[PDB]
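Heads up, the thing below is written out as structure tokens.
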Amino acid sequence: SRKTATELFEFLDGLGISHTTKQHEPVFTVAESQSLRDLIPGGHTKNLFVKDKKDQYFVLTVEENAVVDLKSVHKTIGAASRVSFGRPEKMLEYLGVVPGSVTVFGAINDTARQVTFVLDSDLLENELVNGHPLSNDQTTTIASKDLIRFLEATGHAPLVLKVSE
Amino acid sequence: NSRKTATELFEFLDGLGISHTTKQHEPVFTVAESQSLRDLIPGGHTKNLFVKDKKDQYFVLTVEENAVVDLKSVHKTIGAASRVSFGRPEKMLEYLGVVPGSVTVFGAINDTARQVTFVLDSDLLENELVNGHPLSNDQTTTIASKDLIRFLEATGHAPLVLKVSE
């Protein structure tokens with residue numbers, strides 16, 4: 001069963017992870033999305049859901065303005081081939097999210113631990129990081145060190161690697 | 001309000017003598033799927049910021065997909081009256097004939113009242129070729145960067161070519 005935002009917050013509370021959240025209308029355009037980010041301190045995350053030819057799945061979580069070279073990233077992350085995008089059926093199955101609502105907090109839904117989470121080194125140089133708490137009408141801030149603790153608590157030992165250009 | 005079809009756009013470009021090529025594709029939404037698609041399509045890929053100032057002067061800033069615009073300062077570069085604010089969907093549809101998820105520099109063809117000032121980032125125009133959705137997000141169309149300027153001019157939009165990216 002996919003978790004709700006409330007269930008995510010409760011899980012963070014049980015872990016002793018502090019969080020704050022802004023409620024907002026979902027945003028879509030380039031200027032409106034940026035305008036919203038600029039009101040919310042911290043690194044804002046974006047996620048690449050990918051796989052290799054052996055059907056090993058990864059989420060690469062990077063800062064919003066970072067660029068990943070999809071032709072080469074496999075070599076950094078230990079993938080079996082050049083990566084391909086993961087299709088939505090496995091994205092739903094594993095992370096409980098749909099396109100437009102992808103979030104690193106989706107780790108909580110991957111109870112079979114099919115996804116390897118990679119966190120970009122530069123992203124974690126931010127004191128605070130942001131993602132949607134399983135809903136796109138909220139943005140939640142946690143400490144970057146607590147993102148690691150969150151992932152570990154869901155059974156996902158993250159790889160911290162430089163995947164951004 | 002004008003809301004032309006992709007066909008109408010192509011015919012307009014044909015009458016201008018602007019060569020175009022288009023890739024048909026399912027619409028893409030995720031980060032990796034969008035990037036994978038861009039990597040198959042040569043040229044600079046465009047993204048657009050639809051903004052206004054306190055005097056309700058509207059602008060479209062068209063930049064390369066991986067560029068960043070400093071929204072706190074860009075008004076000084078483009079000659080706006082104040083720090084800019086995002087343009088809301090009503091006016092975006094009224095002027096450009098586009099909705100969220102389908103914003104495109106080709107929407108200039110819909111701005112028949114010429115309410116929007118188009119600004120092209122100078123770095124973007126160093127690409128020989130540039131890409132945008134031809135008024136539909138299941139296609140991506142490539143034209144020469146100099147032809148993007150010709151297209152804008154033809155629609156009655158003299159573009160400002162300025163460094164608006166960081």
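Simple scheme: letters A, B, ... for chains in structure tokens order, numbers from 1 for residues in each chain, numbers from 1 for ligands in the order shown.
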Exercise for review: Identify all chain B residues at most 12 Å from chain A by counting only C-alpha atoms; ligands do not count. Present them as a VMD selection string.
Suggested key: chain B and resid 27 to 40 46 to 52 59 to 63 65 to 72 83 to 89 92 98 to 104 166
Check: When DSSP works through the backbone of this structure, what residues of chain A end up as alpha helix (DSSP H), shown as a ChimeraX atom specification?
Finding: /A:5-15,30-37,73-77,88-95,144-153
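The two atoms in question, CA of residue 90 in chain B and CA of residue 25 in chain A, are spaced 15.8 Å apart.
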CA of residue 156 in chain B sits from CA of residue 22 in chain B at a separation of 24.1 Å
For a test of reading the model, state the distance in Å between CA of residue 138 in chain A and CA of residue 26 in chain A, rounded to one decimal.
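The value is 7.8 Å.
Nearest residue to residue 2 in chain B among B:145, B:110, B:122, B:131 is B:110, counting only C-alpha atoms.
Around residue 152 in chain A, within 12 Å and counting only C-alpha atoms, the residues found are residues 12, 15, 105, 107, 108, 113, 116, 117, 145, 146, 158 and 159 of chain A, once anything fewer than 6 positions away on its own chain is removed.
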- Using DSSP on the backbone coordinates, identify all residues within chain B classified as strand (DSSP E); present the result as number ranges by chain. B: 21-24, 44-52, 58-64, 85-86, 116-121, 129-132, 139-144, 160-162
inquiry  = What's around residue 135 in chain B at 9 Å? Count only C-alpha atoms, leave out sequence neighbours fewer than 2 positions away in its own chain, and write the answer as a ChimeraX atom specification.
reply    = /B:3-6,9,97-98,102-107,132-133,137,139
Export, as a compact mmCIF listing (two decimals), in the first residue's frame, the selected residues with C-alpha atoms.
```
# COMPACT_ATOMS: atom_id res chain seq x y z
CA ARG B 3 -4.68 28.74 -30.81
CA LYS B 4 -3.14 27.48 -34.02
CA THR B 5 -2.42 23.87 -34.86
CA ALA B 6 0.97 22.32 -35.57
CA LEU B 9 2.61 26.47 -37.80
CA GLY B 97 -2.32 29.91 -26.91
CA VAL B 98 -0.51 27.41 -24.70
CA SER B 102 3.16 22.62 -23.53
CA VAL B 103 4.78 26.09 -23.38
CA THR B 104 6.77 26.84 -26.52
CA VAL B 105 8.48 29.73 -28.23
CA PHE B 106 6.34 28.92 -31.28
CA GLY B 107 3.38 30.33 -29.31
CA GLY B 132 10.78 23.43 -29.60
CA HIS B 133 7.33 21.84 -29.56
CA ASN B 137 3.93 18.21 -26.95
CA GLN B 139 6.36 16.53 -31.48
```
Any idea what's packed within 12 Å of residue 124 in chain A, counting only C-alpha atoms, ignoring anything in its chain fewer than 3 positions away? Could you give it as JSON, numbers by chain?
-> {"A": [42, 43, 44, 45, 61, 62, 63, 118, 119, 120, 121, 127, 128, 129, 130, 142, 143, 144, 145, 146, 147, 148, 158, 159, 160, 161, 162]}
- With a distance cut-off of 12 Å and only C-alpha atoms, select the neighbouring residues of residue 157 in chain B, excluding the residue or stretch itself and same-chain residues fewer than 5 positions from it, and output the selection as a PyMOL selection string. chain B and resi 59-60+105-120+148-152
